[PDB]
Every structure is written in structure tokens, then in C-alpha cells.
């Protein structure tokens, strides 16, 4: 499962351990489907969340740095990210669509906002490359690059921590850009753990986007 996000981003599921029944078993310490689903709903409605820690996902995510900065605040998870110390960074930036400013009256046209953002990221990358090609170490040269630069990372997260992520990021209070990533994560979670996901939405989910 891979899902395009923003202009150049994505979320892809790399691997998964377990399923709805992993939670039921772990909860039972196990050596019918009606009862297994009822147990899942029971755990979720009563706040017994530890059984869902036995379901684990790994994702590969391509996202702008400002999104990754928010995402990496989720400590109960594992990350490995592309390094600007160790590699030349690619010319790939998130440029908002003109629809991104719908709702806001602006004293310059939304298409001109879009062009101003493109212009400055182009000048910044041009400076970065000039510095690199003059022998400035990569780890110093990259400091001129803007926060809308794309980066990539692997994320390994269990279903309990993923539910926390969805409560906080699949929600109107989160920045729109990370909401879009959260909606993709939710779609994948629903596909792999349908009983857990539906019970989550019904009983435990705290946000206001997923339905």
C-alpha cells in the first residue's frame, strides 16, 4: 500500500507484524470471530490499550522537513531519516497549491504566493549547490535550505502509539499538511486491522476528521 501525499510526498507500508487477533491473543495470553471482535470493542471502550502494542507497522514516508519535525515529536516509535551531513540533498520542495490559502483573504493573489515560495527555494538550493561545489562541507552547506525541503524516513510504530498519533494528527488542530499524512496512515491501519480501527473510531478516537 502506497499513497501519494501533497505535491511530491508519500506514505508506504513496508512491513507489519500481527493483526486484530494479535491483540486478542496477547490479551488472553493464548496458547470465535463474534467473541474476538467483542473483546476488541471491550478493550477499546474500557481503555485497556496495552494489547494493541503487539501489532507493529513499518512505514516509509517522504515529507517536508516542517512536517517531519512535528511527526518526530512522537517518541514512542522508531525513526531512521536521510542525512544532510552524509548525502547531497535533492532539489525537491513542497510548494503549496493555491487552494491551500482558501479561507484567507490575502493582499497578494494566491498564485503569486505560490511563485514567491518557488523563487526563494530555488535561490536557496542554488546557494546550497554553490557552497557544496566550492568545497564547503555538506553538513554546513545544507543550513541555508528551507523547511519545505523534502526528506524521507522509516517509521516503526505499534498500534497503540499509532492511535495516539491519529488522535493528535488526524484532527483539525494539527497543521493541514500533517493531517494529510495522518489520513493516509489511518487508511493503512484500517486495512490491516479493521476490527481495531472500527473499535478505535467508535470508542476511543479523540480527533474530529476520521469518520
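Numbering follows the first chain given and starts at 1. Rigid core (definition): largest C-alpha set, two forms, superposition within 1.5 Å.
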- Note on the structure: Comparing 148-156 with 22-30, larger root-mean-square C-alpha distance from this form in 5 other deposited structures of this protein, core superposed, belongs to 22-30
- Farther-lying stretch by C-alpha RMS in 5 other deposited structures of this protein, rigid core as reference, of 114-122 and 79-87: 79-87
- Task: Pick between 179-187 and 40-48: the one whose mean CA B-factor in the entry is higher.
- Result: 40-48
- Name the higher of the two by mean Cα B-factor in the PDB entry, 109-117 versus 123-131. 109-117
- Per the coordinate record, which of the options 35, 169, 142, 152 holds the highest CA temperature factor? 35
- Query: Where does residue 11 sit by CA temperature factor within its chain: lowest, middle or highest third?
  - Reply: lowest
- Quick one: classify residue 102 as lowest, middle or highest third of the chain based on its Cα B-factor. highest
- Task: Pull the Cα B-factor of residue 83 out of the PDB entry and bin it into the chain's lowest, middle or highest third.
- Result: middle
